[PDB]
Amino acid sequence: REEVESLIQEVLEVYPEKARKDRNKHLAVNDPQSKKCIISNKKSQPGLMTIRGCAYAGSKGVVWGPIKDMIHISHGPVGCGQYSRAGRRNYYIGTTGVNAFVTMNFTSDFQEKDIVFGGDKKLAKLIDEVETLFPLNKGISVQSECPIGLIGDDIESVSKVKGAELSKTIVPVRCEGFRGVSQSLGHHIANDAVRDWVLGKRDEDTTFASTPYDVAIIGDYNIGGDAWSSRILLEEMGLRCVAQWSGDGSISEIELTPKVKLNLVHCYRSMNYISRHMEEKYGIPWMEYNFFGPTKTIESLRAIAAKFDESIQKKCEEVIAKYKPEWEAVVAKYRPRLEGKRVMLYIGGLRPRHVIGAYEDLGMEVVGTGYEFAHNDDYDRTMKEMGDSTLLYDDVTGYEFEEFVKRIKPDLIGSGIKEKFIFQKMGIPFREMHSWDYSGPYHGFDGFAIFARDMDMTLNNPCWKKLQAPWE
Amino acid sequence: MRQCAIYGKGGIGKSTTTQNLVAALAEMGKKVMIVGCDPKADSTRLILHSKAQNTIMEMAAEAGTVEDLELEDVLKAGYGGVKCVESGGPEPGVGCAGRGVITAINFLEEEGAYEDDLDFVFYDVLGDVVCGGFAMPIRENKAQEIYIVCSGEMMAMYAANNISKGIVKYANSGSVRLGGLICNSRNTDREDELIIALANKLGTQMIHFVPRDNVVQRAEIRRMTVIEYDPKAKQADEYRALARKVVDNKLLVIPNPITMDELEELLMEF
Amino acid sequence: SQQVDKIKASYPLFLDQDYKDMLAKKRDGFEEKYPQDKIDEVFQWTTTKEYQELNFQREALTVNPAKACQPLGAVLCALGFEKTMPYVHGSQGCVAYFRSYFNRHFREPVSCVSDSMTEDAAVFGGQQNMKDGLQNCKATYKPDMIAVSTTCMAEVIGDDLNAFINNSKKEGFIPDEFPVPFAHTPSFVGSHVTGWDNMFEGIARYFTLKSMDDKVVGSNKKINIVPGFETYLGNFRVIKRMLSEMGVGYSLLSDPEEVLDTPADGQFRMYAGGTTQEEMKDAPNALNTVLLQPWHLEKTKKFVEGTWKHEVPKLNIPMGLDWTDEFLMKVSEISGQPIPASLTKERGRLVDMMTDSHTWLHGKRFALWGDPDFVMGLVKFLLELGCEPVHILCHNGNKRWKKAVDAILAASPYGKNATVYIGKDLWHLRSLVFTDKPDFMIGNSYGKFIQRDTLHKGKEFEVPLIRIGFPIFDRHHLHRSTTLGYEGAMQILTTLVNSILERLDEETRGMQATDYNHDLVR
Amino acid sequence: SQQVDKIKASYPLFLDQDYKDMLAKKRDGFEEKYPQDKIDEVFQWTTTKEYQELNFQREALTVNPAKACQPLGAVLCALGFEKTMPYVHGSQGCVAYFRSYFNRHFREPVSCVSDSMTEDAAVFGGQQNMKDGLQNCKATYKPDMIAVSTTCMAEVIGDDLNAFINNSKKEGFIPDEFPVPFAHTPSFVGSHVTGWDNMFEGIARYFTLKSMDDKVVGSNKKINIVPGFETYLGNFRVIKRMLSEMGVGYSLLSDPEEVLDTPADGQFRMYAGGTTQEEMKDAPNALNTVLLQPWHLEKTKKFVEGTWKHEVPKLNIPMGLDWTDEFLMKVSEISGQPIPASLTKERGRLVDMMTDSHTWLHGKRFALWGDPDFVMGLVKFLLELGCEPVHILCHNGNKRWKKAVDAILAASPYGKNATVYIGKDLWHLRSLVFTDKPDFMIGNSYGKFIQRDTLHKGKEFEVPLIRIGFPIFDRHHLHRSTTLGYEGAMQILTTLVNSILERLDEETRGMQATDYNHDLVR
Ligand SMILES: Nc1ncnc2c1ncn2[C@@H]1O[C@H](COP(=O)(O)OP(=O)(O)O)[C@@H](O)[C@H]1O
Ligand code: ICS
Ligand code: CLF
Ligand code: CLF
Ligand SMILES: [Be+2]
Ligand SMILES: [Fe+3]
Ligand SMILES: [Fe+3]
Ligand SMILES: [Mg+2]
């Protein structure tokens, strides 16, 4: 414990005084009430290379983007959309340009005259042109950028008028980037957008035939097909998955969600708001599940079955028995190549604590973890999972992460793209934990095999033994 | 060339005072040009003898950019050869006018506008300086002389103090200075009670005072400047006096903004 | 299910029968998908000329643009100076996006900071953000220079960068002599190339404007080279190599080749190479200033001619054969050094490859897109090859550039079927390649989605993509290639001829149907 | 029928209805072709495993060999010397075939002459043929030296090259001092690389045997470099560049890069560059001789060790990372020059590329064929990358080479599924790729006919070909690439990773079927 504190102080001795006090409160030594240990969801210190994004990234790129039959307009200048087009691997099935629009970049392409004179007229004309050119679209969302929030364009009025005139749902999202301190407020704003404009459209409709085994997957964005790899298990247990939020998700599934019997929430940080709203309004119980690795998958499946009758529990036992030999074989094959290794993680708001069980299932220890934009409840949850005298960092900077890695010297680092090559040039294997290094899925029993194979091919790749020239 | 900026409370009579001032400096020998800084462009009406309806912003929108905006299409002459360029912006409640100020001033910098033989460029800014864009006239290499136009009424003096607070940062970061306090009237009890007091508390002076001459409103009705409508009146003589003070102004101290408590005490002090 | 012997990733795992049944049930039950026949009719309609006429009347909607915003180019230009920190005064999500974009293109660490303005900073200004960010950045990362750009938020609210930096220096946050060049880079005008130009003009102004009393032209016997927005490292390398083989003294301003190509030897080098401040200060003393990409170096050209009094040559980008010769001849005239035998030999080698591959290259129809100078150089080189550019697209192009490209096309009999489009995006190009099918496209990774659409119309309608441009995301290490000079000409030639040959081999691989033309020798 | 606006070549003109009907009538009426079902049955049988045991029982029939005969290598070695004419004592058809082969590979003229030995010369001998041929060659083409090889006819009849040349010199057909080296190159032993080795030994013996008295090892402070049979000019360039960057004096014996890459400038050059006779004569004075391809330079090694008394280092081909490091360290030890910082940086850059592309390269299965040294270097580099070689075929390999490659494979975990085949041909490889499917093939252009076969079994069974080796006939300007060094390793790594990504993109371009994995970023 003392060594970790000493390293924290040594790293902190480089920042100016105000920066030093501010950064002191976001680093802690884990002791398995996070508020008394670490504080989160605070403004980043200027000029320190934070990793966090903006509210637009957390709204358009995370929540609304994966919705496939909708058209999402990045309202403002061209940069945001361009940089966020197809950057996230929220998989889907559809015909792009006809009935699916996830990998497309729709934008208003603001000019100087748009800023000076307003863009509501251009927004209405853009909606008309979208309706003309993409007839099979089932909705429109308008994601605001920074100038839209600054100049006070009344996009809500335009959305209402055009939704009345062309009889389709237009969701205005006030996700201008300067709002908040990270993507968390973008998640929140997108969730109230769904609540106010989409969720309650079928509140007076009783045409849907509901079964006692109705569940809705909440907060799974289908990274590399992850949601699919989960859904099959839930369907092999006799449950009917009505909706997926929002990976490969449709506006119809979101509209149908208030009819389910149970809400299985994967990502708390991004969808807990809508989960609580649905519990309070429609009375649907919701709970968290974890499908990372076999042990957490089995525990989650049994917990899910326990909410239903005996037939579901019997089918759950059958599913566990069926998939047991596969994950046992994967363990027996890949564990000896991985036992004893150490991992340091820095992911956004949910994954730093969910992937720990899968790492443990291969005999690997996590010595450091942290979040980009998580709140205090996330740290409350992750304190139990993390080991004693480990390291926790909230909104870590480039210098702090580099120094922490230099002194701790982990065997593997799992984090985003902006430090992948940084840690690659320091000779430490690195595994993208956002895009799964363009691999996956990692959820479920099928994803566990891919996770293990990726871990082995990265940790044990010979290239890491060749960074020193034989003559030096 | 003396690039000056006319600031102050909204509606206190900036473009009026500014227009008759530049017209008095005109037909005195010097060459001046007015540059407005508020979307409801009428700061050159008196000199132009007509509202412009031809401002930098609308023409830029028509052509597409300021890159296609030729300079001769927005600069016009007037009474005493006074050049006038209105720059314009959106109708109220829509768009962003400060960005329009930024674009138009940058366009006047790029297209050779200020590099003529004129003496004073008089920028004239709205009363509600709500963003950094409207502070463009007091950036570096921009206007160097600020003349806060304010009256003896309390609210105008509070606005003058707020403007001084705002321009402190630009003054420290650059070389633009507070030339003096221009006093209009509302026929109050002040007229030295809280105008010289505020000026000396701001470390500055009141550079001449112009009272509530009824002639100015009826000259405004006539599209006119007072010296052009009644060239032999008392208001016109007062306006040559103001022009003379502007010619030989040398007090250019950095503003010292007094606090709210000081203003509240000063109200009762006089 | 997974077999431990052959683990399947998403492809081809999700092609198993269980996953197909799961997807079928989900789609049939809860997605409310349109009938497949309706989707086919709509897709067919999107490929028709009527849909192209509907698409080309767009005045407010942009779909799949081919450009980025100014601060990206500002950051790229800032990275070309030694121990320089790109500092984007504005919001953080932008710097996050800039870094992500550049890591995906270069597969390299990219260093850039933000002052992270919040709603309070938008309402009240970013002066305190300026001060705290400058102090924190200098203390933490220890640059010799901080190059300041802006995000749009800052531009809209009129944040005075000069005043904020001066106030920072005066209040002791950073030393007075520490160089902090700045440039206003509003994202709502222009594109990334404009941001590069504005940043370079800001840096040159900061280092040269006030100290021109002691400068005389031609005293250091060098030529200033301004590369512009360049994402091929081989371009910097080939310019430097050609100048060095020539014996010409030169100063490459904003050279990021080292920082973007650091070796993996166990340590992380945040700064590498770059133009030095001494070179920037001595730049006015050069014989002349050569702009490699003049069509997005307008403000720099105005500053250099007006201040440094350099008679900037009217040179096209040194791409292809003719323009590389005109660049070499102009440099020889300016410096007085003759063109060495090595350059003549390498030109003759390029001509040899041209005559070797002209038979396969002749008459081929290409669509292409990218930045203005790059696009016009590609057009010229294709014209020199006997190829037929058909759809020339530049989203960030202007009317003067379009007139120049029209003049370039009209001078060759291979440009009669060529139309130049400006302000049009990749959806327009999708319509164009559906209605007037070319043989190939030449452009960045975003064109792959066009290829897919064409393949959905049929194998015979497919238009293969050739990845030359920025950004390239789905291929590795293509950023190491070269496009300028004779070397870039040979690389481009080889890529084109081998793409044509690979397509021909693909169309003739069918046994007993088309293999009669599956020739060993091509 | 042809449309004058869109003229169709053989493909797809012969896919027209009239041509299809004509061919159907011809086949049905007069070809007596087997029924189609029988053809499919036979093809499926050839793709099976029983056919593989039948194929591997071959002892007399060779189908689709992967080697050529000795005089080809002899001509290539002769082309590496200054103003040297390759003179092949034998039949004209051999020379015509050699020139056609090398022109097709290099897309460059190749100079070779023959004495046109005929049945009368076969019966009575080629002495008069030799005299007239040497006279006519020297008169017409004015070579500084004539390097003599042989065709299989001449070797069978036992024509004495030494006696014939000496009699030609003694009877005045050529000057006595004119250098005429010779080497017996029997096509029925060895392959082209053996011919290269024999010809080099002949030239070295001619210039150094009788003048060894005045030679002292290390007096001229250089390193001799023997490249061997090499068909990538970039390999010559990279060796020269790497030695020059080290500050090491070198003597590249048999350097043909200039004559095989002559510029096109309106004139034809029969000779350009090459090793000089003074360089060959001074070779015994060098510190040491390094053989870049030791597994086909056995005779050269014997001569250099026994006559020049050079302690020739035991070095593998400078391919990949480890072997290029060793080559550099051995050169540094021999010459005393430290390895510079630039070579270290280039090595670190290669390491960066490997760690960038390791995710896609790992676990991929490759069949590969070619020459011994090239094949073994490829195997070593693939093992370094984490790839799995599966079928390693070397037609002209020997038992000791197979033992060395097996030892190399045994030292890595990634060589556990690798089998080395010597004396086998491309029909054997076709059986191997049908029965034990690799992800890709690495070889020359002939492998295209294998890929086609695999595609005839199905898209799921296709083994794409990567064209690395000799000869490449269906692509252009690939002979300009590099294989040795850190540059060649980088080129091969880029080619491999982009082949993988191109195949992955093709496999997932299907709309609504597999396009969910059509990721923009890979
Ligand atoms: N000295 C004066 N005498 C009479 N009326 C005046 C005088 N100065 C200004 N006014 C009147 O007050 C109004 C002030 O409006 P304006 O000049 O636009 O002020 P500002 O530019 O500060 O908004 C004018 O329309 C004018 O008629
Ligand atoms: S939504 Fe969030 S950064 Fe919960 S913004 Fe981010 S697809 Fe991360 S740790 Mo990218 S809070 Fe999802 C996330 Fe986690 S985009 Fe994905 S991987 S589980
Ligand atoms: S927080 Fe404005 S165009 Fe978009 S990249 Fe920025 S300069 Fe360029 Fe940033 S990403 Fe956008 S602008 Fe704001 S909402 Fe978030
Ligand atoms: S004229 Fe004609 S091509 Fe010549 S050998 Fe004679 S039949 Fe043949 Fe065959 S293998 Fe090589 S190329 Fe010769 S040396 Fe023997
Ligand atoms: Be006003
Ligand atoms: Fe890299
Ligand atoms: Fe050639
Ligand atoms: Mg006014």
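So for chain A, numbering is Swiss-Prot's, and the shown residues are 6-37, 41-480, in order.
Heads up, header says this was done by electron microscopy, 2.4 Å.
Quick reminder: no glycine exception, Cβ is built from N, Cα and C everywhere.
If you check Swiss-Prot, you get these features:
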- A:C62, A:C88, A:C154: [8Fe-7S] cluster binding site (BINDING)
- A:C275, A:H442: [7Fe-Mo-9S-C-homocitryl] cluster binding site (BINDING)
Which of A:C62, A:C275, all binding-site residues, has a Cβ with the fewest other Cβ atoms inside 10 Å: A:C275
A:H442 ([7Fe-Mo-9S-C-homocitryl] cluster binding site) and A:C88 ([8Fe-7S] cluster binding site), distance between Cα atoms, whole Å: 19
Largest tally of Cβ atoms lying within 10 Å of a Cβ, found at which of the binding-site residues A:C88, A:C154: A:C154
Sites among the binding-site residues A:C62, A:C275, A:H442 close to chain C [C-beta, under 8 Å]: A:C62
Collapsed DSSP category at A:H442 ([7Fe-Mo-9S-C-homocitryl] cluster binding site): coil
Listed binding-site residues with Cβ under 6 Å from ligand 2, out of A:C62, A:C154, A:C275: A:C275
Integer Cα-Cα distance in angstrom, A:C154 ([8Fe-7S] cluster binding site) to A:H442 ([7Fe-Mo-9S-C-homocitryl] cluster binding site): 25
Three-state secondary structure, which DSSP defines for A:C62 ([8Fe-7S] cluster binding site): coil
Between A:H442 ([7Fe-Mo-9S-C-homocitryl] cluster binding site) and A:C62 ([8Fe-7S] cluster binding site), the C-alpha gap once rounded to whole angstrom: 16
Cβ neighbours of A:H442 ([7Fe-Mo-9S-C-homocitryl] cluster binding site) where a neighbour is any other Cβ within 10 Å: 19
Secondary structure of A:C275 ([7Fe-Mo-9S-C-homocitryl] cluster binding site) (DSSP, helix/strand/coil): coil
Contacting binding-site residues, sequence order - A:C62, A:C88, A:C154, A:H442 vs ligand 3, Cβ under 6 Å: A:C62, A:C88, A:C154
Rounded inter-Cα distance in Å - A:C62 ([8Fe-7S] cluster binding site), A:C275 ([7Fe-Mo-9S-C-homocitryl] cluster binding site): 18
